[PDB]
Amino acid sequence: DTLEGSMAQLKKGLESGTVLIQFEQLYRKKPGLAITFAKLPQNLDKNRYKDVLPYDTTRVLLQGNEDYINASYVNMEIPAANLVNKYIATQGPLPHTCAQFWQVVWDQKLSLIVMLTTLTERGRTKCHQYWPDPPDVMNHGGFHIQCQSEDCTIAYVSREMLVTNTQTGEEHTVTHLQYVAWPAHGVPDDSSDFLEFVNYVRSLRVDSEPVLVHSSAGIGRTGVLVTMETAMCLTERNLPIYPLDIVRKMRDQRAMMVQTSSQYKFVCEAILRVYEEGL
């Protein structure tokens, strides 16, 4: 079909209720994909949640280093535009997985981290603080970490981090964006802040280079973000948007992305919004 047609269908499917029914039909995990390393004894407590585990085939491996991390490569192709948006989708680091987290950032010299969670919710820890408050310095896995600046806006915090390999003295800089107005299992507190945020992340991409995206589990809020960025790329190029196909393609790479029907409904309505704005 066309962008125009796909959007008529989405509009009708949201009134019809069929869009949600089909979302609830979709598999959460791709059947037949091995999940083995994540379940080994030495790796079980490296998972924040027992039911959110990487597939063997797309799990992130550390360079020259056997340590397991709950993280997955998620690549979203738009072939009609010779385009691939790369991500690494991961959970919120635990106290004892911060070393592996920063090792991924260093291995691939990732310049952008997107964190879609507060550190705590209702008196419970959702993510370990894996960076120091300025001006303090932090040791993780043989990396020294400092926050060179920190600025709060309405919906998110923008931080610049310096990562130093202690043995070599080689330095790497990373932009860190923490979206604090988006509860676990829910939708963004404000759709317009969300859409501005997503477009901002797009503008900070460097081609070829994955964006590291995480929340608490790294599937619900991360899935919504990935869906929306994909839809934005498609709408600007007058290409058809089928959100169910987008969700499935993510779930083929990390199970359960986009967690709730409310999240899916949210992102579909946001997709329609942006389409109506673009003409």
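Each residue number is its position in the shown sequence, starting from 1.
J.: Per the PDB record, is the mean Cα temperature factor higher over 50-58 or over 214-222?
T.: Higher of the two, by average CA B-factor, is 50-58.
J.: Return whichever of 78-86 and 198-206 has the greater mean Cα B factor according to the PDB record.
T.: The entry gives the higher C-alpha B-factor average to 78-86.
J.: Could you check 139, 100, 175, 91 and tell me which one carries the biggest Cα B-factor in the deposited entry?
T.: 139 has the highest C-alpha B-factor of those listed.
J.: Between 258, 19, 267, 255, which one tops the list for C-alpha B-factor in the PDB entry?
T.: It is 19.
J.: By the record's CA B-factor, is residue 66 among the lowest, middle or highest third of residues in the chain?
T.: Highest third, going by the recorded CA B-factors of the chain.
J.: For residue 228, return the chain-relative third of its C-alpha B-factor as stated in the PDB record: lowest, middle or highest.
T.: It falls in the bottom third of the chain.
J.: So where's residue 149 on the chain's Cα temperature factor ranking, which third?
T.: CA B-factor rank for residue 149: middle third.
J.: Classify residue 73 as lowest, middle or highest third according to the C-alpha B-factor given in the PDB entry, relative to its own chain.
T.: Lowest third.
J.: Which third of the chain holds residue 106 when residues are ordered by C-alpha B factor: lowest, middle or highest?
T.: Middle third by C-alpha B-factor.
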